[PDB]
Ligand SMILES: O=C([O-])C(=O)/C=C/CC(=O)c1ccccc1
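In structure tokens, the next block holds one chain alone, the form deposited without this ligand.
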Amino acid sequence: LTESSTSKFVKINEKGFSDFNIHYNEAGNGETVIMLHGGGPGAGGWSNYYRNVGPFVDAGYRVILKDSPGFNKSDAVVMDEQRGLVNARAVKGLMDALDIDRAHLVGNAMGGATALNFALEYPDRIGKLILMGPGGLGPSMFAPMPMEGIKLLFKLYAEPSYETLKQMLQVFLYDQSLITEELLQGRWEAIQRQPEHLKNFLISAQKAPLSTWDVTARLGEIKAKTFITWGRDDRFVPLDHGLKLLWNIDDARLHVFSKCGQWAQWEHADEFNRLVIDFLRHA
């Protein structure tokens, strides 16, 4: 499976979105699992989840790696509401467009925020909920904020360069030897191809700062069975937010990988794939 062979577009119509173009990569044909990426410059569905799509499709799922509005090959957008909520409306838009009644959601960082908002706004449309260091859950009890990785994310958005890209990835990943030329050129190309996105993210972050993403107070409403994952060494979203979800969501469990940054699904792909497939099959 490749990016090109799985690539598709659909136009969505939900709330603020009027014939809005969403790019996604799809493979398999069983029950739908939608995977949602983080918010750093150059992020997208395929580059975030290409180590997971095959094992999940092999397990019998239909995998959709979604480009969120204002990322990769989805349409440009300036948001005046918190991104989690706006992203969640796009997921619903996508699901209505494709005649998907219910989906399992997998979400990393911004995508975790998106998945949380989806489960809150559309409880009838979600199956299980897999959350990987979800962003925007308010203050940490230990970590000064903005987090180190968040400052680097904003620096790269404002002053894009290859060197700053590299500095950011060095913070996002625990194992530095995973930072190959392929990884760097990939993200770099995604940044170069659509400069509008970087500009629009910064404008959006002015209208709705990260403090406006906090849906902590509503976590008690989530009835979806929930699997929370964290990287022990995540410098982007703090580890105690894993406890926060575990205490506040009715039916949750927490799995923390050692030697792992913000991309558990990439840095610990085999173990991640096994744990989440097992959870989707048996929890």
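All residue numbers refer to positions in the sequence shown, first residue = 1.
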Determine, for stretches 215 to 223 and 229 to 237, which one has the higher mean CA B-factor as deposited. 215 to 223
I need to verify one thing: averaged over C-alpha atoms only, is the B-factor higher for 113 to 121 or for 156 to 164? 156 to 164
Please rank the C-alpha B-factors of the chain's modelled residues and tell me whether residue 25 sits in the lowest, middle or highest third. middle
Among modelled residues of the same chain, the CA temperature factor third for residue 51: highest
Against its chain's modelled residues, does residue 207's Cα B factor rank lowest, middle or highest third? highest
Would the CA B-factor of residue 251 place it in the lowest, middle or highest third of its chain? middle
Could you say whether, by C-alpha temperature factor, residue 12 belongs to the lowest, middle or highest third of its chain? highest
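Below: the form solved in complex with this ligand, not depicted.
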Would you please decide whether residue 126 lies within 4.5 angstroms of this ligand in the bound PDB entry, comparing each non-hydrogen atom pair? no
Mark residue 179 yes when one of its heavy atoms lies within 4.5 Å of a heavy atom of this ligand in the bound PDB entry, and no otherwise. yes
Would residue 17 show up as a contact with this ligand in the bound PDB entry if we use heavy atoms at 4.5 Å? no
Closest heavy atom of residue 272 to this ligand in the bound PDB entry, within 4.5 Å or not? no
Given the stretches 39 to 47, 220 to 228, 58 to 66, 245 to 253, which is the single one in contact with this ligand in the bound PDB entry, using a heavy atom cutoff of 4.5 Å? 39 to 47
Which residue, 158, 76, 183, 205, has a heavy atom that falls within 4.5 Å of this ligand in the bound PDB entry? 183
Heavy atom within 4.5 Å of this ligand in the bound PDB entry - residue from 173, 120, 95, 191: 173
In the bound PDB entry, does each of 169, 187 and 263 have a heavy atom within 4.5 Å of this ligand? yes
